[PDB]
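> First the structure, which I've put down as structure tokens, then a few questions once you've had a look.
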Amino acid sequence: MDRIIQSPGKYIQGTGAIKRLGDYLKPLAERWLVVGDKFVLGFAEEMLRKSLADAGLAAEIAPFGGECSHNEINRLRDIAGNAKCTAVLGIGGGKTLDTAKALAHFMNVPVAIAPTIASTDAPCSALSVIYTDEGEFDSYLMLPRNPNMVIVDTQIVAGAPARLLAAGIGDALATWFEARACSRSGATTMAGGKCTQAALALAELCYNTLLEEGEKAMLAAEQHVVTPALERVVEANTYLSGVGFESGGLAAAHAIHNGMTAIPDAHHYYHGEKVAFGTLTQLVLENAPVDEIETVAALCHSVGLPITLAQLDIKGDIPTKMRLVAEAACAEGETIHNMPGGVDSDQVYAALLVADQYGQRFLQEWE
Amino acid sequence: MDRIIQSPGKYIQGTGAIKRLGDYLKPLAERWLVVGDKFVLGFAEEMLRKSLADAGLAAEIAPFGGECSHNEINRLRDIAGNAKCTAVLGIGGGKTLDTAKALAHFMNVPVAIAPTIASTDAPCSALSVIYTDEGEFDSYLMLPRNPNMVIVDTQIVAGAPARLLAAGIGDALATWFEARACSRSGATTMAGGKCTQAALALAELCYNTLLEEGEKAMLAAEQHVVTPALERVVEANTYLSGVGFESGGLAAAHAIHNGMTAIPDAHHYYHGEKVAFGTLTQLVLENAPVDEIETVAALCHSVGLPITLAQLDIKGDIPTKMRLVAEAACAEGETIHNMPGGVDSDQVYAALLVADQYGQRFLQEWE
Amino acid sequence: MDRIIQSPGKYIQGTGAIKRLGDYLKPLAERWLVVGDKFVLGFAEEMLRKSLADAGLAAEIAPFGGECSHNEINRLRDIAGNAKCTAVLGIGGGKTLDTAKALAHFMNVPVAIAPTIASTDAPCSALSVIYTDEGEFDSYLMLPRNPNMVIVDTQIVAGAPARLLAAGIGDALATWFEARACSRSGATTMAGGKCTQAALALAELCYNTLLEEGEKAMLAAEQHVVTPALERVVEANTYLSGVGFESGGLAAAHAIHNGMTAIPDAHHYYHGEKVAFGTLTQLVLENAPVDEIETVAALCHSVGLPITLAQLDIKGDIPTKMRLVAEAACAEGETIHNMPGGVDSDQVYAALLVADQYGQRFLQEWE
Amino acid sequence: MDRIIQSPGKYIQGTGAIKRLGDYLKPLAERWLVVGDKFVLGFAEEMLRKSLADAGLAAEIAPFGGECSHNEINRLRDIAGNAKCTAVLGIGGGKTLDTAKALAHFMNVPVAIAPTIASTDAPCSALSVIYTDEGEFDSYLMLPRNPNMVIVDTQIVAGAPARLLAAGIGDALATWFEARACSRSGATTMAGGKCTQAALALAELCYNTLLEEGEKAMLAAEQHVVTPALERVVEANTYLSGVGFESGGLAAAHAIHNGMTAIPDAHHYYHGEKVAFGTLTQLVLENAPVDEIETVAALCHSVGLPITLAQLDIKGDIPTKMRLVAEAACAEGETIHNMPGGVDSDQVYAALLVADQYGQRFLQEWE
Amino acid sequence: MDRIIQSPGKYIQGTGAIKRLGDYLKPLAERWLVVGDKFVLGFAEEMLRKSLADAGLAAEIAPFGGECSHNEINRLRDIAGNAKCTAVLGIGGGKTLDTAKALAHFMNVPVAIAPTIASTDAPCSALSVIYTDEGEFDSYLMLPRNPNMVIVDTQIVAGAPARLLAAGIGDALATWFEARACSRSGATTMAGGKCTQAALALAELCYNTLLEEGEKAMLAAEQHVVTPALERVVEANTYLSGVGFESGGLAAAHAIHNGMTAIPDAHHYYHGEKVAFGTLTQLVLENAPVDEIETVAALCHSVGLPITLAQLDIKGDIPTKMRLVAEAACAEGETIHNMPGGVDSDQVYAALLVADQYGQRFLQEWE
Ligand SMILES: [Zn+2]
Ligand SMILES: [Zn+2]
Ligand SMILES: [Zn+2]
Ligand SMILES: [Zn+2]
Ligand SMILES: [Zn+2]
């Protein structure tokens, strides 16, 4: 079938980029709905307003309700209509950015996306996860277009808790291994075709950037300052990992992440932290060479990502819990069937237990 | 400053992709102006109409006037308005595709771009070159967005004259060397920022794909059939070279190409054929190691790209002509000043003469 | 699914091995039907009788009818019953050996197989090709067991025309590439499961033996003498290529060989000669790196195997003929669908034309 | 612009070289002002006088006042005039040698320079740092010529405290990284042109000599004996590092050293000790690969050079102090702007904090 | 003994450097004797006068007599005294530059040296070769100082006949092999000590620059234009080869060059052309590995340097002539005794004949 790659129209990254938002947004639209939660607007609203006003743009500030829900999208659409907004700016973290993307689709207007953290692969993607008002997961909204613009102010990102940058590393770490799996199996990506060479190259660059820059970047993150290593990792966590998963393909790591909602244990952990362990499990499943498993586990441990079930607070009654995770990971429609040669719940169960044993040995040897 | 990468929203490539245009275009818009010249519509209009009609889309066919001019854009805008078109599909070669992009911008509608040849790096870019009705160059139109969609039917491409695929190789060959030059000098790209790692990786993938697949692809092109090598080269000539030049940066090769309009001699040669020699000249200018110059010249010769002035029909009174080319390449605003350490017309003149001498020696040794 | 490897029970190879047949066959059975054509018995019957008689075994000599047909199998079964034979020895080339294997199955007795040439991968396999009495192909007989014993007298083999050893090299050359293709795609082998590591290792050893020993062995073959290089190649052509195709898997090369019966042109060429070109076509289809295609073509040319259509006397009206070959190679049930990612007749047609162009260029450069 | 390298006219190094001063100085001039402090003349004056007297040269011994000041230069010029001196010999450490160079310039006579320690890159350079009589920094005196002669008695050097040899290693360690930075950015050197290949080669030899010989040399230094390793390091600390910085270029390490005078904390540490940490900070700033940062930190630690702020007695209120250091390092005219792509105080501040964190981790892992 | 390196005080190289002579010379002296022959002043005197006049310097132009003789030095000293010159500028080729250096020594004034060709290793050295007025060799004048300043206008150099640049390559080619020989044997250099690491590194850089850039530079030289390759080779031929021979050491190649004055045959060839063959002979003498001899001969042949006696017009009666050359090369005081392990005329004779045989074979294989 056809090979397809999707991307946001324009990805912008640099220190102080928020100050230049007005100039970047002007060619797209003149009147912007600005969606962000109270915490994000607390530190960004003044800069936001000045940049847009100085560029001659209008801004209607709309504090975010907290959930990406159909009710919240309709509430913001009503607000935007009163100010005759012709575009949407989402600023903040994942739920805010998903809402802005979904809202812009239903209004059929450009969307600009300003992540204030680099903790997940989602901002660049043509996807919104819909939740109920209560925060329960409802559905996946496949969008027909990626965001027009993604603008990453790396000095804002460097101010976030360092754990969120490491979580982004966990999300981005899966990118190469899942895209490679899909390339080998010929699976269809979320872009709707087979993997391109471009997406594979970006996914492999993602992985190598994390290997070369991940530890250097964590040092900057913990000091809340911007160095080139942090800049490269932020790009890897956002653009490379975004295009990599969407146009490169998802596989076992993503499906194992979703399977962990079949148990309550890991609720306090971030998407990327669970994905890190899911990647180690995937490496067992594909029988990756010891050197490769070793390198991934070392990378994870060096930035504090979990490599054992216990590091995700998954403890006690492990056979029962991993059977639950394995069956859910292998449900109809889950991306684990993109693995070469097919996989069933018995193989995933085995991989989960062996990956945990392997992380336990790694941690022990490390002392 | 900020680092920026731009891309078309969705790049689609495969054999028979034209048959699936309707399904690919439907999520963007319902009523399409279809712009193509009489030759392209001669072979594609029936397939086009069936795909769009079967998807429930409307199509207003508008035979292209031949020039990307303000008059032609206004003519097509008038035609589109009568059919209440809400999007533009350009199908064919460069002038058609530039017109469709410019038209879609002035109507503020989505644009889909269907190249029927893979001969230049332009289709994916946020650029239209405006000409007079007479075909004289008028201006560069910087567009605020890349095309929403680029759809490359590789079986249509394989039907084109093989010389056009080799010309695309010439255009794409410059991509890595110009982006690397801009990365080293910190020049601003046409995306408006400094080069990203993503664009550099795509530009380097472009070059390596040409080295690994260029000769295999030419064999398929000359037989007018699709093999994976031809698929990889078409991607390299279109997506990788497009994003690579726009977000990676232009330098001496592009400026030397433009300088050759200061003389009449090479008028019968394609953009990519002149760019191939401009890349060799750039390698002299940056004093590339002999192995690297050797590899580029061998690649060029293996697909029939020129590596001497005589192969561009530039003969006789070479000192005068190359002085004219060198002065024009170094004019204010030309991308040759993106070269590390700066360059003046004396250095370009020297490089032109030495590159030609080097291609002459290469050709001789090759017998 | 399960991973399965099949093998003959005992594979014996060495100079003068025919003289030791009696001692090798005695532990299996006491009374042997000996099937061979008049030419083979002309040089081997005296040695045969002495070896079996000296070991205390009975031999009923049954001159072979020439075709592996149901009538011939019934004729030999009747002959064997009159002598109360309890085992079958086939000695000679493919049709004789297929008959002996099929006969032994229908009598349910041990079979010993003594190839006098090393020209195909068939002797060790659990397969008999059934023909009509007229020599037209009838059906594939999948046998439930591989031969009990295969005995290769390399001094007899060295006496055969050298072209037959090179043909065996052509058959064996496909082994690694087809088994690798099936390993990558997870196709089912004729052993009835997925590929084992053992079969993959044997198939890769086959290929490397041909690269290292093929030319050394041809020199011995042309002089009709036995050297260790010829011994290694005979093993590669017989045991390694036999287990490799049956337990490693068939793919495009085998299917392209079968497709050439859709045209009359190559009737004068051996199975392995057509398979050599089918392997080159497969390398195009999987877009093998230039170095790998180069190495295979060089190996073929160094032993006289064809790398162009013209070297198979396939000339004139090539588009029509290759369309016929491509459609037949892609019929339902053909092993070309074991190729990773699936293949259709358009892709095979393209590969055939490009492989021929590539062999034409290779031959030209070689002068 | 032009490429320029400067050097002292003659650089002499060996055990007992002071004994041969007379023969080395005779071809330059007959009557020498000898400037050294009371400690240096205490051990060297007798040898000095004998060597010059035996060669038929006159010597006027002038005990050094302690500061390289305009008053001290005028005092020594008056002393020299009474003895009709026609040349100047400075013997000892930096302040003495700067005075001798400045004095020789104002008298317009040859100067010979005899360092008794190898602790800084200054002796060979066409530079004198002028201070007030009080020891406060006054100005940089760019000299029009390098010293005519530099004579390094390595047995005198080996008698100095080993900490001074390690400090010289710290100064020399910056040489390659600063010259490479200036080569990449095309910055102007203190020689007044762009970097030559000669200076780059000498700077890279400096670095590799320190890697290969630094630890071997420290063992000799601590035992106060001369081995070839110590001889190579003395050359590296004096000639290679001297020509390397002056003709290769200064960058972030030098500017960060100067920035530390914006705080009082590190006053007890030598120039080369502060430059070692400034080099580590530069490596962060240029995002050097982890292996390279690792190698430099290991080299520093192996000879006792600081790799943390605390090892420079910079403790407490680190954000305030590093902001002060960063702003001063980025002042107009500072060599940090020779870094490729430009650098501002925010980037230096970040690099300082991250380099310190990195040295802290290195020290911890080392136990 | 001591290790010593000597250098000119300031080496300047770039296109148009002559135009900046005034600014470069001003800090040294105010009133300049300018010595050059009628041809050099014919193209340079106007530029010379403008640069010096614009800088406020006086110039007394003194057309050169043609020979570096005691009479010529006295003639120019008389001329200079009438204009109260306080410095000497020599501009042109070797005889002019030797005269200027010798003159400046006898006047005890600064000397600046401006080679207009890059054909020998001499300009930077503290050496003048004295001849009679008739042009017969008289003596070697060892100078106590290297020139204060060497200024190489590479655009003037590029205008010279390309054969002179290749001759400079021949001179510079010996540099590494002679310095390495002296380092291995511990011979004393003309700097008066043993070899330093700095000089060895510069000599090895010389050789590698010629290998990497020699052919690229010749192309520019033949086109009379400046490229970076030509700039690197000019530096190699002048600074690196100058300091390399003087501070690195001379050996067999230099002595064999001098030995060829024992016969009349090669009088039409340049110093560097004879030195190229002397280097090949040295490689035989030290039994260099075949790869190394091969590489040097290939380098020589690629720029037109001789690798046979016949290419130096040394033909007929070769045993007699080479005995004469060998005895002279081994005379008392000749640098051939710097070769490791000592060498006598029998060994040199053998090496000469074998080197010639080797060049003859090389030329033959090259066709
Ligand atoms: Zn994820
Ligand atoms: Zn182009
Ligand atoms: Zn076969
Ligand atoms: Zn310093
Ligand atoms: Zn010489």
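Chain identifiers are assigned as A, B, and so on, following the order in which chains appear in the structure tokens; residues are numbered from 1 within each chain, and ligands are numbered from 1 in order of appearance.
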Could you please select, counting only C-alpha atoms, the residues of chain B within 7 Å of chain A and state them as a count of residues only?

21

> Quick one: residues within 10 Å of ligand 1, with only C-alpha atoms and all ligand atoms, as a list in words?

residues 119, 120, 121, 122, 167, 168, 170, 171, 172, 173, 174, 175, 241, 242, 245, 250, 253, 254, 255, 257, 258, 270, 271, 272, 273, 274, 275 and 276 of chain A

> Neighbours of residue 262 in chain D within 6 Å (only C-alpha atoms; same-chain residues fewer than 2 positions away dropped), as a VMD selection string?

chain D and resid 259 to 260 325

> Keeping N, CA and C atoms for every residue in the selection just given, could you write it to a file as an mmCIF file, in the first residue's frame?


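Resulting contents of out21.cif:
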```cif
data_model
loop_
_atom_site.group_PDB
_atom_site.id
_atom_site.type_symbol
_atom_site.label_atom_id
_atom_site.label_comp_id
_atom_site.auth_asym_id
_atom_site.auth_seq_id
_atom_site.Cartn_x
_atom_site.Cartn_y
_atom_site.Cartn_z
ATOM 1 N N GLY D 259 36.075 35.900 33.890
ATOM 2 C CA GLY D 259 34.843 36.175 34.608
ATOM 3 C C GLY D 259 34.919 35.853 36.087
ATOM 4 N N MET D 260 35.805 34.926 36.481
ATOM 5 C CA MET D 260 35.851 34.589 37.901
ATOM 6 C C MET D 260 36.469 35.687 38.757
ATOM 7 N N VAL D 325 29.757 35.725 37.216
ATOM 8 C CA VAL D 325 30.790 35.201 36.326
ATOM 9 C C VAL D 325 30.305 35.193 34.883
#
```

> Can you list, as a PyMOL selection string, every protein, DNA or RNA residue that comes within 12 Å of residue 117 in chain C when you count only C-alpha atoms, leaving out same-chain residues fewer than 5 positions away?

chain C and resi 40+91-94+96-97+122-123+151-169+221+233-235+237-238

> Neighbouring residues of residue 186 in chain E were defined as those with any atom within 9 Å, considering only C-alpha atoms; residues of the same chain fewer than 4 positions away were excluded. Please report them as a PyMOL selection string.

chain E and resi 181-182+194-195+338+340

> Any chance you could list, as a list in words, the residues in range 50-133 of chain D that come up strand (DSSP E or B) when DSSP is run on the backbone?

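Everything in range 50-133 of chain D that counts as strand (DSSP E or B) is residues 58, 59, 60, 61, 62, 63, 87, 88, 89, 90, 91, 92, 111, 112, 113, 114, 115, 127, 128, 129, 130 and 131 of chain D.
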
> Which of these, A:330, A:124, A:226, A:34, has the shortest distance to residue 352 in chain D once you count only C-alpha atoms?

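Of A:330, A:124, A:226, A:34, the one nearest residue 352 in chain D is A:226, counting only C-alpha atoms.
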
> Tell me which protein, DNA and RNA residues are within 9 Å of range 71-87 of chain E, counting only C-alpha atoms, leaving out same-chain ones fewer than 2 positions away, and put them as a ChimeraX atom specification.

/E:28-35,58-60,62,64-69,89,99-100,102-104,106-112,132-133

> How many Å separate CA of residue 360 in chain C from CA of residue 295 in chain C?

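One can read the CA of residue 360 in chain C to CA of residue 295 in chain C distance as 15.1 Å.
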